[PDB]
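Please read the structure below before turning to the comments.
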Amino acid sequence: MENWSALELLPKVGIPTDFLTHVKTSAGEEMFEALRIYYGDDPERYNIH
Amino acid sequence: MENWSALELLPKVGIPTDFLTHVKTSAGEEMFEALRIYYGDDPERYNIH
Amino acid sequence: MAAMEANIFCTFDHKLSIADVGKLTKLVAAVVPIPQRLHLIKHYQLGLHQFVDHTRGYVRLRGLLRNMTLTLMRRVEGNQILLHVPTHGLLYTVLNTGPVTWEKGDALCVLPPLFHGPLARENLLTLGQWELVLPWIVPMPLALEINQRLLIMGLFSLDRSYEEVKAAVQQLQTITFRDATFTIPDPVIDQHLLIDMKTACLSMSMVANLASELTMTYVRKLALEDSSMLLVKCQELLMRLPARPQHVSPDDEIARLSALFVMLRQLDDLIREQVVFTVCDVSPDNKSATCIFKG
Amino acid sequence: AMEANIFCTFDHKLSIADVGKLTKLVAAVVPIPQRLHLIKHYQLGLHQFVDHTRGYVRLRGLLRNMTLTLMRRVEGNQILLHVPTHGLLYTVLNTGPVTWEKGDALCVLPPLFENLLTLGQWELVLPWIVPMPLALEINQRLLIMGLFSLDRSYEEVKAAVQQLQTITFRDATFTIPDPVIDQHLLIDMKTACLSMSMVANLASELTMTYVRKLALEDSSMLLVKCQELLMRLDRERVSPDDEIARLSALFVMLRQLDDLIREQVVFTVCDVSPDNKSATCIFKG
Amino acid sequence: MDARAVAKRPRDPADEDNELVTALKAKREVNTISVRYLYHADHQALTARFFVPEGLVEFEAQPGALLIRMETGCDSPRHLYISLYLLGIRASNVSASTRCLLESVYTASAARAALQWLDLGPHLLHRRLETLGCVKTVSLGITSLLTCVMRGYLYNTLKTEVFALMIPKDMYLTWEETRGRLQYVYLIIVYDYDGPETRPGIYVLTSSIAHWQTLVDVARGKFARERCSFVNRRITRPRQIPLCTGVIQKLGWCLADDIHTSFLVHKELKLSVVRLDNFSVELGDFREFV
Amino acid sequence: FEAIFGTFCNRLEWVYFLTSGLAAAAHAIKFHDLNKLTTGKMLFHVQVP
């Protein structure tokens, strides 16, 4: 539902993250709405329309 | 769906329009792909969100 | 996910003497099987030694080797080994590890080793009671002979007396191929040979059922007017028992032969071994050859 | 930069007409006995194997072992042959008697039937490129036709043979030669037929002994059905050394038939011209 | 030949300028056509183009459909190109509800003609079929054009997206608890010899086994009932000469982690499929077993 | 002898879109990102007397 490609392409501000638990545990236990995970390199960010 | 309020707010180019037949006849006989008609004054364009 | 690796590095965690490394260097371009593919593996998984088991059966070892993936050995370093997974259709150099003589143009199969000569060749990397046992690469006729001997022993074992079974196993286990003598180790009869025996019996039953009268009578009719060494040696195997064909129908003959071909393929498959290499070159000392990989 | 190629030099003088004839074949499949870098024109084609007392099946066996290659370029003093590699696409010429379709699987066969390059005693005999079902049909029909060799006296047998000879494939009809010449059968086809009949005869008597022993143990209820089928077949009609010999003979006669029993695809087609004489296909080996 | 020639590593296919650029540079002539980069110049996959009538193209609009060539037994079309979904109609393996759904989808004259031709003749099903590969494109029309790969991965023009292979859920088959890292996928057609007529089962199998004999032994273990039916027909019904109990054809290889479950939408109807994300095709021929 | 009196080739003539009088009906524009574009549209606003 979110535009993940826009997040990947646009510039970002770097911060030190402070998850209390492991980041994958926070993802797997559904700490957040609107999660996306992918492994390796996913080329879908390259197809602009 | 087309958001007509954006057309209603944003600046527009002045054109001398030329419908061969009456405008309401061309609209009623379904000449145009998408169409919006309202009477009086429609408050829709005022609630920017 | 993680794409399958083509280059595999193997490291021995046992310490290696200079003699061990010297032995390893000789093995470049040989075929070594591995059970699983990773970029970096331990030497325990390398080779056929891991499957040596109290069961000792040759048939089960043949079954296990069929499912491992084959790799060629690239050049060696200190305490490291590099293995390469070949691809179908490309050209490769391969090392003749076993004593079997190769020839130009024949097809090669991978098979568990069977002992030969004095049986003192086993110097291959004995370290920490792990041993580098490698399969044999043999030409098609020898593999066909080996499988045929095993299946014939299995079929003959049924209902025959124990002592004559021993005698038959003794005479069948030895093989002379291309002016060399080999012997099959541990020809155990068990479930693995039993399933092959069942399929062979089924295929033979269907072949006997399908075959037309023309096919059956061809040999009998030929002997009435032909005479040759091939025929007389051929008819000695058969049970001892003008005219016109009682029934002519080419369409029935065609369909019947069509089914009989499928049944013959079913019977053939259990002694056939998959061709892994096809050779067209040979070092005149028979130690190495260049082959096309397939399978 | 060049591609890898095999050079062939003609050991005969060539006229302009001959080289003009060769360049017509600039995409034909040429069989070659050995993978070798430089060869003489005698090694081209199947003419080297042709024999008077041998026939189709021995040629099939020999074609199994030969190396297939494509003629790539024709020049003065030499010919360029390219050996295809597995998994790549190539252009081949439809020298066979049958049109092709997209997706067809092709296999190579000895020719059955214009002549090409008649030199002093050598001819360029190219093989047939045929879709696989047609090759299976041809093999079966020829094998059966050889099986009727002893019975040829009767008119019914002659009619059956003539029906077997005439074969029709898509939009094409042709007749295959009779493997019986001068009322006699060639030694190779004779060996094939004898092997088939021997396998049948040996299996018929060998099967029951082992089936009745093994079916009692059977956990899949199929071997009992095999036993019953054998009993029905029988009702419609020994030293251990002899048993061993009969089993070994059964398996050795089985191995004699593998050339006829199975065949392998060499090309799979995906393109065809309206000029259909040529097509582009990927190589399988 | 010299030492520098041997030492020289081969030219990069990407740093040499192509033939058209070479000619234009040689003459120093401009052209309207953009020429610096050639598309598909580095696609290693082998593709073919197929024409198919409008009625047959349904569920093959999305990329990833398996494409089969079927014989009509006639000279006018000779061959037709159909998908695995259409074979779903004839297969006994597919459930009743899915059969009804995808029978309502293919309500066109061409699809019904394909079904009539399939059931009409006396041959077994696999003798009438030839497998082409997987499709990844569509251009719609009265006659539609499909491009199918027959050796390689499935991807669009820039490789910016890799396509999966879609198998209907009733046809999907596995025989191992924990998957091997590398999986081979096979097509199975198996015949049940009941009284009136043979009912064919159609499956797509994902397995770690590459050896033929071991795979066929596992298959014979799984399909014992059909082998019993084959022998039973051989006994009860002579002069019927059946061949085969089933055929197995290899087509492809993929990684176990790429396997997923998904659905397909067509005319607001949902079909459920198994999805092989990075599937690459590698076709074999039909090998038969008893 | 036989004689060849010259060899001739087709001197093809070139046609351009912007030179044809049919181009008068067109308003031709070049757009390098056209392949990324999905759809384009224009919107009109009319009030009647």
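Following the order of the structure tokens, chains are lettered A, B, ..., residues in each are numbered from 1, and ligands are numbered from 1.
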
With chain A held fixed, move chain B onto it by a least-squares fit of all C-alpha atoms in order and give the output as a PDB file with C-alpha atoms, in the first residue's frame.
```
ATOM      1  CA  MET B   1      -0.622   0.816  -0.609  1.00  0.00           C
ATOM      2  CA  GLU B   2       2.782   2.240   0.306  1.00  0.00           C
ATOM      3  CA  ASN B   3       5.209   2.498  -2.614  1.00  0.00           C
ATOM      4  CA  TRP B   4       8.509   1.376  -1.145  1.00  0.00           C
ATOM      5  CA  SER B   5      10.444   2.152  -4.334  1.00  0.00           C
ATOM      6  CA  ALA B   6       9.966   5.882  -3.754  1.00  0.00           C
ATOM      7  CA  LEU B   7      11.570   5.537  -0.325  1.00  0.00           C
ATOM      8  CA  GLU B   8      14.312   3.447  -1.907  1.00  0.00           C
ATOM      9  CA  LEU B   9      15.164   6.088  -4.525  1.00  0.00           C
ATOM     10  CA  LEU B  10      14.644   9.413  -2.766  1.00  0.00           C
ATOM     11  CA  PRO B  11      17.335  10.875  -0.482  1.00  0.00           C
ATOM     12  CA  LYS B  12      17.207   9.760   3.137  1.00  0.00           C
ATOM     13  CA  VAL B  13      18.333  11.119   6.507  1.00  0.00           C
ATOM     14  CA  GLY B  14      21.045   9.208   8.345  1.00  0.00           C
ATOM     15  CA  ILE B  15      19.824   8.052  11.748  1.00  0.00           C
ATOM     16  CA  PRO B  16      21.272   5.855  14.508  1.00  0.00           C
ATOM     17  CA  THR B  17      18.418   3.379  14.863  1.00  0.00           C
ATOM     18  CA  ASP B  18      17.572   1.888  18.261  1.00  0.00           C
ATOM     19  CA  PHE B  19      15.474  -1.263  18.415  1.00  0.00           C
ATOM     20  CA  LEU B  20      15.528  -2.715  21.922  1.00  0.00           C
ATOM     21  CA  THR B  21      15.075  -6.223  20.530  1.00  0.00           C
ATOM     22  CA  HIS B  22      16.501  -7.722  17.353  1.00  0.00           C
ATOM     23  CA  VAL B  23      15.140  -6.037  14.228  1.00  0.00           C
ATOM     24  CA  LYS B  24      13.840  -9.260  12.711  1.00  0.00           C
ATOM     25  CA  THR B  25      12.253 -10.122  16.058  1.00  0.00           C
ATOM     26  CA  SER B  26      10.418  -6.796  16.275  1.00  0.00           C
ATOM     27  CA  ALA B  27       9.295  -7.149  12.658  1.00  0.00           C
ATOM     28  CA  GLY B  28       8.300 -10.802  12.998  1.00  0.00           C
ATOM     29  CA  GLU B  29       6.355 -10.141  16.193  1.00  0.00           C
ATOM     30  CA  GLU B  30       4.397  -7.515  14.245  1.00  0.00           C
ATOM     31  CA  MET B  31       5.497  -4.306  15.960  1.00  0.00           C
ATOM     32  CA  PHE B  32       5.120  -2.103  12.875  1.00  0.00           C
ATOM     33  CA  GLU B  33       1.900  -1.133  11.110  1.00  0.00           C
ATOM     34  CA  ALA B  34       3.211  -1.705   7.577  1.00  0.00           C
ATOM     35  CA  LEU B  35       6.281  -3.687   6.621  1.00  0.00           C
ATOM     36  CA  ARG B  36       8.221  -4.781   3.542  1.00  0.00           C
ATOM     37  CA  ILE B  37      11.132  -7.235   3.612  1.00  0.00           C
ATOM     38  CA  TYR B  38      13.165  -8.483   0.664  1.00  0.00           C
ATOM     39  CA  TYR B  39      16.382 -10.469   0.307  1.00  0.00           C
ATOM     40  CA  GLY B  40      19.260  -9.980  -2.088  1.00  0.00           C
ATOM     41  CA  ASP B  41      18.646  -7.210  -4.600  1.00  0.00           C
ATOM     42  CA  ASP B  42      15.136  -6.360  -5.794  1.00  0.00           C
ATOM     43  CA  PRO B  43      14.964  -4.801  -9.286  1.00  0.00           C
ATOM     44  CA  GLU B  44      11.616  -3.136  -8.517  1.00  0.00           C
ATOM     45  CA  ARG B  45      13.014   0.337  -7.844  1.00  0.00           C
ATOM     46  CA  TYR B  46      14.614   0.570 -11.298  1.00  0.00           C
ATOM     47  CA  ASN B  47      11.476   0.552 -13.487  1.00  0.00           C
ATOM     48  CA  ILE B  48      10.332   4.133 -13.101  1.00  0.00           C
ATOM     49  CA  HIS B  49       6.977   4.685 -14.789  1.00  0.00           C
TER      50      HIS B  49
END
```

Counting only C-alpha atoms, which residues from chain F have an atom at most 7 Å from any atom of chain A, and could you show them as a PDB file with C-alpha atoms, in the first residue's frame?
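Written file, out.pdb:
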```pdb
ATOM      1  CA  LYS F  36       7.815   5.623 -19.257  1.00  0.00           C
ATOM      2  CA  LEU F  37       4.526   7.491 -19.725  1.00  0.00           C
ATOM      3  CA  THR F  38       1.375   5.440 -19.191  1.00  0.00           C
TER       4      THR F  38
END
```

### Task
Please identify all polymer residues within 8 Å of range 171-180 of chain D, counting only C-alpha atoms, omitting same-chain residues fewer than 2 positions from it, and present them as a PyMOL selection string.
chain D and resi 55+97-98+112-113+142+145-146+149+165-169+182-186+189

### Message
I need the helix (DSSP H, G or I) residues of chain B per DSSP on the backbone, written as a ChimeraX atom specification.
### Response
/B:4-9,23-28,43-46

### Query
Where does DSSP see strand (DSSP E or B) in range 113-276 of chain C, if you list the residues as a list in words?
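The strand (DSSP E or B) residues within range 113-276 of chain C come out as residues 127, 130, 136, 137, 138, 139, 174, 175, 176, 177, 180, 181, 182 and 183 of chain C.
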
### Message
Taking only C-alpha atoms into account, find every residue of chain C that has an atom no more than 12 Å from chain A, and write it out as a VMD selection string.
### Response
chain C and resid 1 to 3

Residues from last step as file, N, CA and C atoms, as an mmCIF file, in the first residue's frame:
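As written to disk, result21.cif reads:
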```cif
data_model
loop_
_atom_site.group_PDB
_atom_site.id
_atom_site.type_symbol
_atom_site.label_atom_id
_atom_site.label_comp_id
_atom_site.auth_asym_id
_atom_site.auth_seq_id
_atom_site.Cartn_x
_atom_site.Cartn_y
_atom_site.Cartn_z
ATOM 1 N N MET C 1 16.546 -17.672 -3.993
ATOM 2 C CA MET C 1 17.368 -17.443 -2.813
ATOM 3 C C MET C 1 18.839 -17.451 -3.201
ATOM 4 N N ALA C 2 19.676 -18.022 -2.342
ATOM 5 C CA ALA C 2 21.093 -18.147 -2.644
ATOM 6 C C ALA C 2 21.286 -19.067 -3.839
ATOM 7 N N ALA C 3 21.753 -18.515 -4.954
ATOM 8 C CA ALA C 3 21.940 -19.316 -6.154
ATOM 9 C C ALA C 3 22.982 -20.397 -5.913
#
```

Within 10 Å of residue 285 in chain E, counting only C-alpha atoms, which residues show up once you throw out same-chain ones fewer than 5 positions away? Write them as a CSV table (one decimal) with N, CA, C and O atoms, in the first residue's frame, please.
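Output below, filename selection_15.csv:
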```csv
chain,number,residue,atom,x,y,z
D,105,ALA,N,10.5,-32.0,-32.7
D,105,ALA,CA,11.8,-32.6,-32.2
D,105,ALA,C,12.3,-33.4,-33.3
D,105,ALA,O,11.6,-34.4,-33.8
D,264,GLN,N,17.3,-40.7,-29.9
D,264,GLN,CA,17.5,-39.4,-29.1
D,264,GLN,C,17.3,-38.2,-30.1
D,264,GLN,O,17.6,-38.3,-31.2
D,265,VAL,N,16.7,-37.2,-29.5
D,265,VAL,CA,16.4,-36.0,-30.2
D,265,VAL,C,17.7,-35.2,-30.3
D,265,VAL,O,18.5,-35.1,-29.4
E,130,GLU,N,3.0,-31.7,-27.2
E,130,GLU,CA,4.4,-31.4,-27.3
E,130,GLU,C,4.6,-30.1,-26.6
E,130,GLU,O,3.9,-29.1,-26.8
E,131,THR,N,5.5,-30.0,-25.6
E,131,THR,CA,5.7,-28.9,-24.7
E,131,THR,C,6.7,-27.9,-25.3
E,131,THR,O,7.7,-28.3,-25.9
E,247,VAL,N,3.8,-41.2,-18.1
E,247,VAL,CA,4.9,-40.6,-18.7
E,247,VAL,C,5.4,-39.5,-17.8
E,247,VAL,O,4.7,-38.8,-17.1
E,248,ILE,N,6.7,-39.2,-17.9
E,248,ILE,CA,7.4,-38.2,-17.1
E,248,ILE,C,8.3,-37.3,-18.0
E,248,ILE,O,9.1,-37.9,-18.7
E,249,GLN,N,8.0,-36.0,-18.0
E,249,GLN,CA,8.9,-35.1,-18.7
E,249,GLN,C,9.4,-34.0,-17.8
E,249,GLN,O,8.8,-33.5,-17.0
E,250,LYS,N,10.7,-33.8,-18.0
E,250,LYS,CA,11.4,-32.8,-17.2
E,250,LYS,C,11.4,-31.5,-17.9
E,250,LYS,O,11.6,-31.4,-19.1
E,251,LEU,N,11.0,-30.4,-17.1
E,251,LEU,CA,11.1,-29.1,-17.7
E,251,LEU,C,11.4,-28.0,-16.7
E,251,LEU,O,10.5,-27.5,-16.0
```

### Task
Please return, as an MDAnalysis selection string, all residues of chain C lying within 10 Å of chain E when only C-alpha atoms are considered.
chainID C and resid 1:4 36:37 63 66:69 195:196 199 202:203 206 209:210 252 255:263 265:267 269:270 272:274 295

Output file for the residues above (C-alpha atoms, as a compact mmCIF listing (two decimals), in the first residue's frame):
```txt
# COMPACT_ATOMS: atom_id res chain seq x y z
CA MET C 1 17.37 -17.44 -2.81
CA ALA C 2 21.09 -18.15 -2.64
CA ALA C 3 21.94 -19.32 -6.15
CA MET C 4 23.69 -22.67 -6.39
CA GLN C 36 25.55 -30.89 -0.79
CA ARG C 37 26.65 -27.64 -2.40
CA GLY C 63 22.17 -46.39 -5.22
CA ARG C 66 23.69 -42.14 -8.13
CA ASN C 67 22.18 -39.30 -6.10
CA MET C 68 25.37 -37.39 -5.28
CA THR C 69 26.43 -34.45 -7.43
CA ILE C 195 12.89 -54.24 -6.02
CA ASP C 196 14.90 -54.56 -9.23
CA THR C 199 10.48 -54.94 -11.86
CA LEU C 202 7.01 -57.77 -14.27
CA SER C 203 8.67 -56.59 -17.47
CA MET C 206 4.55 -58.33 -20.02
CA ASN C 209 2.33 -61.72 -22.93
CA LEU C 210 2.66 -59.09 -25.65
CA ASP C 252 -2.11 -55.30 -34.88
CA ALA C 255 0.56 -51.69 -32.18
CA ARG C 256 1.89 -54.82 -30.49
CA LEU C 257 5.49 -53.96 -31.37
CA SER C 258 4.88 -50.40 -30.19
CA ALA C 259 3.90 -51.64 -26.73
CA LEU C 260 6.67 -54.25 -26.71
CA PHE C 261 9.24 -51.49 -27.23
CA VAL C 262 8.03 -49.73 -24.07
CA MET C 263 8.29 -52.96 -22.10
CA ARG C 265 12.81 -50.12 -22.41
CA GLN C 266 11.49 -50.84 -18.92
CA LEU C 267 13.59 -54.00 -18.74
CA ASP C 269 16.59 -49.32 -17.78
CA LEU C 270 17.44 -51.38 -14.70
CA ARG C 272 21.51 -49.20 -18.00
CA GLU C 273 23.67 -46.63 -16.25
CA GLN C 274 23.46 -42.94 -17.08
CA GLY C 295 23.83 -35.40 -17.27
```

### Task
Find the distance between CA of residue 26 in chain E and CA of residue 1 in chain D and write it in Å to one decimal.
18.9 Å

#### Entry: Close residues, residue 93 in chain C itself excluded, 10 Å, only C-alpha atoms, min 4 positions apart in chain, as a list in words
residues 28, 29, 30, 72, 279, 281, 282, 288, 289, 290, 291, 292 and 293 of chain C

Generate the output file for the selected residues, C-alpha atoms, as an mmCIF file, in the first residue's frame.
```
data_model
loop_
_atom_site.group_PDB
_atom_site.id
_atom_site.type_symbol
_atom_site.label_atom_id
_atom_site.label_comp_id
_atom_site.auth_asym_id
_atom_site.auth_seq_id
_atom_site.Cartn_x
_atom_site.Cartn_y
_atom_site.Cartn_z
ATOM 1 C CA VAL C 28 43.739 -32.648 -10.045
ATOM 2 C CA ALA C 29 41.098 -33.075 -12.791
ATOM 3 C CA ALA C 30 39.624 -36.166 -11.122
ATOM 4 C CA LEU C 72 35.874 -31.940 -11.028
ATOM 5 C CA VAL C 279 35.382 -39.131 -24.597
ATOM 6 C CA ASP C 281 40.872 -37.970 -26.898
ATOM 7 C CA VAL C 282 43.258 -40.126 -24.885
ATOM 8 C CA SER C 288 43.915 -38.810 -18.879
ATOM 9 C CA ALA C 289 41.348 -38.036 -21.558
ATOM 10 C CA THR C 290 39.228 -35.114 -22.739
ATOM 11 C CA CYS C 291 35.486 -35.663 -22.538
ATOM 12 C CA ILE C 292 32.148 -33.948 -23.062
ATOM 13 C CA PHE C 293 30.047 -33.794 -19.908
#
```

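Once residue 232 in chain E and its same-chain neighbours fewer than 6 positions away are set aside, residues 221, 222, 223, 224, 225, 226, 228 and 229 of chain D; 192, 193, 194, 195, 225, 226, 238, 240, 242 and 245 of chain E remain within 12 Å of it when counting only C-alpha atoms.
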
Store the residues picked out above in a file with N, CA, C and O atoms, as an mmCIF file, in the first residue's frame.
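What landed in again.cif:
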```cif
data_model
loop_
_atom_site.group_PDB
_atom_site.id
_atom_site.type_symbol
_atom_site.label_atom_id
_atom_site.label_comp_id
_atom_site.auth_asym_id
_atom_site.auth_seq_id
_atom_site.Cartn_x
_atom_site.Cartn_y
_atom_site.Cartn_z
ATOM 1 N N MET D 221 0.294 -56.881 -4.771
ATOM 2 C CA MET D 221 -0.811 -57.585 -5.425
ATOM 3 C C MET D 221 -0.713 -57.557 -6.948
ATOM 4 O O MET D 221 -1.648 -57.972 -7.642
ATOM 5 N N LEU D 222 0.414 -57.084 -7.474
ATOM 6 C CA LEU D 222 0.598 -57.014 -8.917
ATOM 7 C C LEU D 222 1.252 -58.276 -9.467
ATOM 8 O O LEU D 222 0.925 -58.717 -10.578
ATOM 9 N N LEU D 223 2.162 -58.875 -8.704
ATOM 10 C CA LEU D 223 2.895 -60.027 -9.209
ATOM 11 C C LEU D 223 2.001 -61.258 -9.292
ATOM 12 O O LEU D 223 2.208 -62.120 -10.155
ATOM 13 N N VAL D 224 0.994 -61.349 -8.424
ATOM 14 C CA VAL D 224 0.002 -62.412 -8.549
ATOM 15 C C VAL D 224 -0.763 -62.263 -9.855
ATOM 16 O O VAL D 224 -1.062 -63.252 -10.538
ATOM 17 N N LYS D 225 -1.094 -61.025 -10.224
ATOM 18 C CA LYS D 225 -1.756 -60.789 -11.499
ATOM 19 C C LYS D 225 -0.854 -61.179 -12.661
ATOM 20 O O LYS D 225 -1.324 -61.726 -13.665
ATOM 21 N N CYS D 226 0.448 -60.909 -12.542
ATOM 22 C CA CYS D 226 1.381 -61.366 -13.570
ATOM 23 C C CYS D 226 1.378 -62.885 -13.684
ATOM 24 O O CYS D 226 1.392 -63.436 -14.793
ATOM 25 N N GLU D 228 -1.086 -64.916 -12.940
ATOM 26 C CA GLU D 228 -2.341 -65.325 -13.559
ATOM 27 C C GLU D 228 -2.320 -65.080 -15.062
ATOM 28 O O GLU D 228 -2.823 -65.899 -15.844
ATOM 29 N N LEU D 229 -1.745 -63.955 -15.485
ATOM 30 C CA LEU D 229 -1.629 -63.672 -16.911
ATOM 31 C C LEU D 229 -0.775 -64.722 -17.607
ATOM 32 O O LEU D 229 -1.119 -65.198 -18.696
ATOM 33 N N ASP E 192 -5.522 -43.935 -15.714
ATOM 34 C CA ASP E 192 -6.293 -44.882 -14.922
ATOM 35 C C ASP E 192 -7.169 -45.687 -15.870
ATOM 36 O O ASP E 192 -7.970 -45.114 -16.616
ATOM 37 N N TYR E 193 -7.015 -47.008 -15.845
ATOM 38 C CA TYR E 193 -7.713 -47.880 -16.787
ATOM 39 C C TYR E 193 -8.980 -48.440 -16.141
ATOM 40 O O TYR E 193 -9.065 -49.602 -15.743
ATOM 41 N N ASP E 194 -9.979 -47.572 -16.032
ATOM 42 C CA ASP E 194 -11.301 -48.014 -15.624
ATOM 43 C C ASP E 194 -12.020 -48.677 -16.796
ATOM 44 O O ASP E 194 -11.488 -48.797 -17.903
ATOM 45 N N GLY E 195 -13.247 -49.115 -16.536
ATOM 46 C CA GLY E 195 -14.023 -49.854 -17.503
ATOM 47 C C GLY E 195 -14.226 -49.151 -18.832
ATOM 48 O O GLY E 195 -13.695 -49.573 -19.864
ATOM 49 N N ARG E 225 -1.783 -47.920 -7.625
ATOM 50 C CA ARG E 225 -3.140 -48.264 -8.031
ATOM 51 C C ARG E 225 -3.295 -48.222 -9.544
ATOM 52 O O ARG E 225 -3.957 -49.083 -10.134
ATOM 53 N N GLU E 226 -2.693 -47.227 -10.195
ATOM 54 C CA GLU E 226 -2.797 -47.135 -11.646
ATOM 55 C C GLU E 226 -2.056 -48.273 -12.335
ATOM 56 O O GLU E 226 -2.504 -48.769 -13.373
ATOM 57 N N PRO E 238 -8.341 -58.360 -23.479
ATOM 58 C CA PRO E 238 -7.377 -58.593 -24.561
ATOM 59 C C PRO E 238 -7.771 -57.867 -25.836
ATOM 60 O O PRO E 238 -8.888 -57.351 -25.947
ATOM 61 N N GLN E 240 -7.184 -55.158 -26.614
ATOM 62 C CA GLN E 240 -6.803 -53.803 -26.260
ATOM 63 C C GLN E 240 -5.341 -53.851 -25.850
ATOM 64 O O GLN E 240 -4.986 -54.559 -24.903
ATOM 65 N N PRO E 242 -2.813 -51.663 -24.408
ATOM 66 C CA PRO E 242 -2.366 -50.411 -23.810
ATOM 67 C C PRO E 242 -0.855 -50.360 -23.752
ATOM 68 O O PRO E 242 -0.170 -51.385 -23.681
ATOM 69 N N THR E 245 1.855 -46.844 -18.159
ATOM 70 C CA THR E 245 0.951 -46.394 -17.113
ATOM 71 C C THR E 245 1.088 -44.896 -16.879
ATOM 72 O O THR E 245 0.157 -44.263 -16.371
#
```

### Contact residues (chain C, partner chain D, 8 Å, only C-alpha atoms) as a PyMOL selection string
chain C and resi 88-90+105+148+152+155-156+158-159+164+198+201-202+204-209+211+214-219+221-222+237-238+244-245+248-250+253-254+257-258+261+264-265+268+280

At a cut-off of 7 Å, can you tabulate as a tab-separated table every residue of chain E near chain D together with its closest atom pair and the distance in Å to one decimal, using only C-alpha atoms and ordering rows by chain then number?
```
residue	atom	partner	partner_atom	distance
E:48	CA	D:270	CA	6.0
E:132	CA	D:103	CA	6.2
E:228	CA	D:222	CA	6.0
E:235	CA	D:229	CA	6.2
```

Include N, CA, C and O atoms and write out the residues we just selected as a PDB file, in the first residue's frame.
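out.pdb, freshly written:
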```pdb
ATOM      1  N   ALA E  48      10.804 -17.763 -28.711  1.00  0.00           N
ATOM      2  CA  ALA E  48      10.102 -17.977 -29.967  1.00  0.00           C
ATOM      3  C   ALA E  48       8.771 -17.244 -29.921  1.00  0.00           C
ATOM      4  O   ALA E  48       8.255 -16.933 -28.847  1.00  0.00           O
ATOM      5  N   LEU E 132       6.282 -26.635 -25.283  1.00  0.00           N
ATOM      6  CA  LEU E 132       7.084 -25.578 -25.880  1.00  0.00           C
ATOM      7  C   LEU E 132       7.898 -24.821 -24.838  1.00  0.00           C
ATOM      8  O   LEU E 132       9.109 -24.654 -24.997  1.00  0.00           O
ATOM      9  N   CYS E 228      -1.762 -51.271 -11.044  1.00  0.00           N
ATOM     10  CA  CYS E 228      -2.694 -52.378 -10.875  1.00  0.00           C
ATOM     11  C   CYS E 228      -3.808 -52.308 -11.909  1.00  0.00           C
ATOM     12  O   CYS E 228      -4.209 -53.333 -12.467  1.00  0.00           O
ATOM     13  N   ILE E 235      -5.345 -58.022 -18.379  1.00  0.00           N
ATOM     14  CA  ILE E 235      -5.902 -59.356 -18.158  1.00  0.00           C
ATOM     15  C   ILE E 235      -7.327 -59.448 -18.691  1.00  0.00           C
ATOM     16  O   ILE E 235      -7.660 -60.357 -19.458  1.00  0.00           O
TER      17      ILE E 235
END
```
